[PDB]
Amino acid sequence: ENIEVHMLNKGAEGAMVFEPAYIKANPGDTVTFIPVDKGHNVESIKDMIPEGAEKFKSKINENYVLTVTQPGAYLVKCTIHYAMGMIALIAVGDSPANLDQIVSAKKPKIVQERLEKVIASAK
Ligand SMILES: [Cu+2]
């Protein structure tokens, strides 16, 4: 299956967001990131992707189709607006083994609050 994600300057949760910012997927699924607004990209955060998944980085303003394989949680960001809270969390499979680690990992205070909200009122 495919899951469409939009990158926007302004969304329900504020400025610089991924909608949806919580993505539940299965191995083999694809996630397509569409920058409806310009000046955005998608990139995996170091140490916040699973076991053997490979890191990735898209081009600014480009549509990017990610194929998810390894089960576990992935924290991704917009390289350009990471500091302002632009993140999305992808959960591949049930009970992702690295979720608690990611939630504890060090990262900007604004992304943390955003991350807390996506796991809470959502899932
Ligand atoms: Cu951005």
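With ideal geometry, Cβ positions are generated from the backbone for all residues, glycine too; neighbour counts draw on all protein chains shown. Rule-based calculations on the coordinates, nothing more; no lab input.
Could you tally the net charge around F33, taking each other residue with its Cβ under 15 Å from the Cβ of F33, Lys/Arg +1 and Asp/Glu -1?
-2
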Here D for the chain, in µm²/s, from Stokes-Einstein with a Kirkwood Rh over Cα pairs at 10 °C and 1.306 mPa s, works out to 112 µm²/s
Taking N as the residue count of segment 25-96, its alpha carbon Rg divided by 2.2 N^0.38 Å gives 1.07
The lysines whose Cα lies under 19 Å from the Cα of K117, excluding any fewer than 8 residues away in the same chain, are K10, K24, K77, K106, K107, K109
GluC sites (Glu not before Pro) in segment 1-33 lying in a DSSP loop, each with at most 13 other Cβ atoms within 10 Å of its Cβ, come to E1
Dividing the mean separation of Cα pairs under 8 Å (6+ apart) by the residue count of the chain yields a relative contact order in percent of 25 percent
With DSSP loop assignment and no more than 15 other C-beta atoms within 10 Å, the chymotrypsin sites (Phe, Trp or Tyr not before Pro) in segment 34-123 are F56
Counting only backbone N atoms under 16 Å from a point 7 Å out along Cα-to-Cβ of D94, the residues of segment 11-30 in range are 24-27
Quotient of Cα radius of gyration and Kirkwood radius for segment 9-64, i.e. Rg/Rh, equals 0.97
In segment 25-100, the GluC sites (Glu not before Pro) that sit in a DSSP loop and have at most 11 other Cβ atoms within 10 Å of their own Cβ are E51, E54
Over the chain, the sum of -39500 (n - 2.57) across DSSP H runs of at least four, divided by residue number and rounded to 500 deg cm²/dmol, gives at 222 nm -4000 deg cm²/dmol
